[PDB]
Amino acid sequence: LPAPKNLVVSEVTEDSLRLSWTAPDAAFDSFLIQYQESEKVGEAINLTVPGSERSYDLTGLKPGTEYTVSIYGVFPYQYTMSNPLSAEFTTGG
């Protein structure tokens, strides 16, 4: 999986940021977005947007605050099942 590219930002308000990026066409099924305050001792907020988008608007933010933001490209493959276990069952009446 080659990565997403060139993450940029627009619409900088006190409480919101619009993320824009570039990914290869129809490559990723999903986009994982992580963000947290840079100064906050804690763990990130995880978001998920379909592999079709190229922009997203972070909301609920704090004024004048710096946020470390990372975006991953995701692509599933294997879901695997077992061999079926079959039976014929008959109700009552």
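For every residue, the number given is its place in the sequence shown, counted from 1.
Set against one another, the Cα B-factors of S70, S82, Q78, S10 in the record reach their highest point at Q78.
Sort the modelled residues of the chain by CA B factor and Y56 lands in the middle third. For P4, the recorded CA B-factor ranks within the lowest third of the chain. Only modelled residues enter the ranking. When the CA B factors of the chain's modelled residues are split into thirds, the value for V41 lands in the highest one. Remark: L32 belongs to the lowest third of its chain, ranked by C-alpha B-factor as recorded. Among the modelled residues of the chain, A26 sits in the highest third by CA temperature factor in this PDB entry.
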